[PDB]
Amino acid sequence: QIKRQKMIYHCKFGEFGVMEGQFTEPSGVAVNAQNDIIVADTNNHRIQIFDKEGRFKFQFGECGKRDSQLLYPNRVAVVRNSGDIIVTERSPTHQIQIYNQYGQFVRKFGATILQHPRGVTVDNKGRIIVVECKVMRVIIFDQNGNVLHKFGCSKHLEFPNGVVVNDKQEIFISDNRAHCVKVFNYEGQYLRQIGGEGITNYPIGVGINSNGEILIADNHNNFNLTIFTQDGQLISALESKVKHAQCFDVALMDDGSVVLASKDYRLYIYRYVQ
């Protein structure tokens, strides 16, 4: 058994509700280049943007099925070099909507292709990667909504709930029921495993930081954060002080921090390096 440094959060915001700064269901969280916190407020049909200190900035998306209208947004990603926000809509829309940094509509696509989007992210070539649970599929789009890659992996995925990529076309997916992160390439080849049972049980998300370290997040008792090299060599392991409710999503921030979206309708900002 491995020894974990203790970690605590230094910021916390949000509460149940329907007004600014309030959440019905904070299903997805993403961080942009100025470390704003973008939240998918699913049952409120809106995306909410805060600064790195939980301060509400603005919001966009009203109920509906046409342009400039979100129904059930569950996950978000950010195009870092543009500020654009990538939104995935749950059933019955099952599609992707792209908004700019100002919350204005750009385009939407993928409704005839997506079914169960459970994680989304963007690579350095601007390509959008989506992972789907229940059916176990990875689909990769360009910014214009053209499908570039599609592959199933029901043989290798039990419960995919998060995704990031590096600069080498490798895809890192957290598998909640495999208790690890599984690595694939864009062609669908199953490369390797990072983490495992006993060290990263029931992961709830995965991240990659500026050092190119793979962070696996779980909530199997405390809120645990296990940090690996891209090979799977263990670097660092941490556990929180508090115990949390169910957790939706995690997102990394510039200065060695993680945003943790909880069932208790509050986002918690942990720091994993002093």
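A residue's number is simply how far along the shown sequence it sits, counting from 1.
Averaged over C-alpha atoms, is the B-factor higher for 68-76 or for 114-122 in this PDB entry? On average, C-alpha B-factors are higher across 68-76.
80-88 set against 160-168, stretch whose average Cα temperature factor tops the other in the entry: Per the PDB entry, the higher value belongs to 80-88.
Is the Cα B-factor recorded for residue 61 in the lowest, middle or highest third of its chain? Highest third - that is where residue 61 ends up once the chain's C-alpha B-factors are sorted.
State the tercile, meaning the lowest, middle or highest third, of residue 152 with respect to the CA B-factors recorded for its chain. It falls in the middle third of the chain.
Going by what the PDB entry lists, where does residue 251 fall on CA B-factor within its chain: lowest, middle or highest third? As the PDB entry reports it, the C-alpha B-factor of residue 251 lands in the lowest third of its chain.
Using only modelled residues of the chain, where does the Cα B factor of residue 205 rank: lowest third, middle third or highest third? For residue 205, the deposited C-alpha B-factor lands in the lowest third.
How does residue 174 rank on Cα B-factor within its chain, lowest, middle or highest third? Lowest third.
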